[PDB]
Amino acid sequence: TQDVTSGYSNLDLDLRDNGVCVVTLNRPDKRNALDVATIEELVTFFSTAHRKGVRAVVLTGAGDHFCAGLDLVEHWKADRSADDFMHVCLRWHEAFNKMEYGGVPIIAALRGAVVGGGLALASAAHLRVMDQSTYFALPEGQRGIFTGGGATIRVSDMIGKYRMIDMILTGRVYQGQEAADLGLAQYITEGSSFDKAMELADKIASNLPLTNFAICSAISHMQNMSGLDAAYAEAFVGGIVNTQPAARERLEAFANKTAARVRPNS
């Protein structure tokens, strides 16, 4: 009742009765820049969310901008050595890898700037919902530096290796329907991206926990290997998930016609 949401500071957490937890970056006056303290909180939260029973996460940023990326001021002031910063990057990965492979569905509800490490963070979620104020960029080059948080991997998977290279090499900005179509977000709304993210999250939370776990962890792992080896692994995932007792009621519903068929959109 407070076990999941207590003890944090840079993050604000709200656990709903159906197991959907709203995780809000809460440093709006700094445009939710990710400093080392905030990254450690993300590591802590995503390291235990699955075992804590969280069914889905709606990730958002307080204020008008999702996330401005690496806290550039903390970085500049720290005057870090290469090894000091390499270690900081490894902490980002511990958090973001836990998000991607952890097994808990994450839906990012975007607004305003989703830039640099902020796009890296949005990319670590399974689904992204953008609104009319949302824009994307990897402006790192302007600051004289490289990106991080696995953006070189995830954004390449989202929009194509060559478009990812274009974004960081030129600082090109994308927004609106063009951004959605490019692959920066699966959903675009005329209204509240938060409300749309909550709708998706609630539906996800009503599905089977094991099935969601597999979807949210196995697919990313299988992209990392040869498709011929991935197929063998997929068969074992299917073996466990498809024979689970909890799905028999749904299988029976299909056989007795009480369950809905798959129809084209209206």
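Start at 1 with the first residue shown and count on from there.
Look at the mean CA B-factor for 111-119 and for 186-194 in the entry; the higher one is 186-194. As the entry records it, the average C-alpha temperature factor is higher for 44-52, out of 222-230 and 44-52.
In the PDB entry, a CA B factor belonging to the highest third of its chain's modelled residues is recorded for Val73.
When all modelled residues of the chain are sorted by CA temperature factor, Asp181 is found within the highest third. When the modelled residues of the chain are ordered by their C-alpha B factor, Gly239 lands in the lowest third. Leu34: CA B factor in the middle third of modelled residues in this chain (values from the PDB entry).
Among the modelled residues of the chain, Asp157 sits in the middle third by CA temperature factor in this PDB entry.
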